[PDB]
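[1] As they sit in the full assembly, here are the leading chains:
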Amino acid sequence: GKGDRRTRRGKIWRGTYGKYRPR
């Protein structure tokens, strides 16, 4: 999951924000 860019867990691993992980 941590590698999936289109998920919450995946953007926590990367350290970025988006539609699936807003701030």
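    That came in fine, so what should we check first? Residues are numbered from 1 along each chain as shown, chains lettered A, B, ... in the order given.
[2] quick one: contacts for the closest residue to residue A:18 other than its chain neighbours?
    In space, and not counting its chain neighbours, residue A:18 is closest to residue A:11: 6.1 Å by CB to CB, 6 or more residues apart in numbering. Every residue, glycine included, has its C-beta placed from N, CA and C. Residues near residue A:11 by CB atoms under 8 Å, 6 or more residues apart in numbering: A:5, A:17, A:18, A:20, A:21.
[3] Helix, strand or coil: sort out the closest residue to residue A:21 other than its chain neighbours for me.
    Leaving aside its sequence neighbours, residue A:21 sits nearest to residue A:11 (CB to CB, 6+ apart; 4.1 Å). Of the three states, residue A:11 takes helix under DSSP: H, G, I helix; E, B strand; the rest coil.
[4] that older thread, got a markdown table for the contacts of residue A:11, with secondary structure too?
    Converted to a markdown table, the contacts of residue A:11 look like this (three-state DSSP):
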| residue | secondary structure |
| --- | --- |
| A:5 | coil |
| A:17 | coil |
| A:18 | coil |
| A:20 | coil |
| A:21 | coil |
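[5] mind adding chain B? sequence follows:
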Amino acid sequence: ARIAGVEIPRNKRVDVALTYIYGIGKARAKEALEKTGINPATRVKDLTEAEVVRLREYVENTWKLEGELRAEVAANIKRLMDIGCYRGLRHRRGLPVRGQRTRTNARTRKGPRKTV
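    That brings us to chain B, laid onto the chains above:
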């Protein structure tokens, strides 16, 4: 092959079975179910034929799907390989295109390993 040229899995939720259409992910799934006001949790085996033709007409008239999508992606690679750009060369020989390492790994583009 009800929609949209393929048969969507019944007994599954409509927002899920719609992804089984070449050209529709989770994004375009939640899109076509609000534009038609159809409950995404309802199962395909429980759909109203009225709700079918509405979801059919909207989906088939908004995004390119199935064979028409495969033609442009092939044609977009076709022109890339015809003009002679660096990305076209990577498609002609079959090597990775997006600046990836080729000394190791790169096995999806090359396929299983060939002993020597």
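[6] Give me the number of neighbouring residues for residue B:40.
    Residues near residue B:40, counting by other CB atoms under 10 Å in any protein chain shown, number 14.
[7] Please report the distance of it from residue B:48.
    15 Å (CB to CB, to the nearest Å).
[8] What residues does residue 7 make contact with?
    Going with chain A. Applying CB atoms under 8 Å, 6 or more residues apart in numbering or on different chains, we find residue A:7 in contact with A:1, A:20.
[9] I was thinking of chain B, sorry if that wasn't clear
    Neighbours of residue B:7 in contact, by CB under 8 Å, 6+ apart: residue B:1.
[10] please redo it, this time with the cut-off set to 10 Å
    B:1, B:17, B:20, B:21, B:44 (CB atoms under 10 Å, 6 or more residues apart in numbering or on different chains).
[11] are any of those residues buried, and which?
    Burial by neighbour count, judged by 16 or more other CB atoms under 10 Å in any protein chain shown, picks out B:17, B:21, B:44 from the contacts of residue B:7.
[12] Just put those in a markdown table and tack on distance to residue B:80 and secondary structure.
    Below are these laid out as a markdown table (distance: CB to CB, whole Å; DSSP: H, G, I helix; E, B strand; the rest coil):
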| residue | distance to residue B:80 | secondary structure |
| --- | --- | --- |
| B:17 | 34 | helix |
| B:21 | 26 | coil |
| B:44 | 38 | helix |
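[13] put chain C onto that model:
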Amino acid sequence: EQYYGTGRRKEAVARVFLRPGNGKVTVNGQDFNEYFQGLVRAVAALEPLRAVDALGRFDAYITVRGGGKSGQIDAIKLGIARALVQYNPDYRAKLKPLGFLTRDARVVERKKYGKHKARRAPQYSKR
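    Placing chain C onto the earlier chains gives this:
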């Protein structure tokens, strides 16, 4: 009228205030069950008073900062045991036997150079 104790666990530090009452407990502006909901480790903080039958005799205004939820629970356990020893000096027996009056120095060990973690070594290939 009021009794106080101090407890620490790793980085968690708790200030507990024992007051006579029916048994209500407050943690950082909310009740015990509201701050430790669904945590099995919760019921062990109210154990020092269970060893001296002070279950529903006191109320608890308790704050806590630092560490995680479980470290805060153990910090409460040491704190309310201190406030019971000062509530009754004879409470050292039936509290020190159960180890409630001591504070474990088991803290996170330093991550060291050359290792992946505190002691996890990098995998090597001899030959």
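[14] since we added chain C, can you redo the contacts of residue A:11?
    With CB under 10 Å, 6+ apart, residue A:11 has these contacts: A:2, A:4, A:5, A:17, A:18, A:19, A:20, A:21, A:22.
[15] any idea how far the spatially most central residue of chain A is from residue B:28?
    Geometric centre of chain A, nearest residue: residue A:11, 1.8 Å, by CA atoms, centre = their mean. Look at residue A:11 and residue B:28: by CB to CB, they are 21 Å apart.
[16] For residue B:50, which three-state class applies?
    helix.
[17] If you tally nearby residues, what's the number for it?
    Neighbours of residue B:50 (other CB under 10 Å): 8.
[18] Likewise for residue C:61?
    Neighbour tally, residue C:61, other CB under 10 Å: 16.
[19] what's across from it in the sheet?
    residue C:17, residue C:26 (DSSP bridges).
[20] Could I get the contacting residues of it?
    C:2, C:4, C:15, C:16, C:17, C:18, C:19, C:24, C:25, C:26, C:27, C:29.
[21] Any chance of a PyMOL selection covering the buried ones in the residues you listed?
    The buried residues among these can be selected in PyMOL (16+ other CB under 10 Å) with this line:
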select buried, chain C and resi 15+16+17+18+25+26+27
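[22] which one is residue B:55 nearest to, not counting chain neighbours?
    Nearest non-adjacent residue to residue B:55, counting by CB to CB, 6 or more residues apart in numbering or on different chains: residue B:36, 5.2 Å away.
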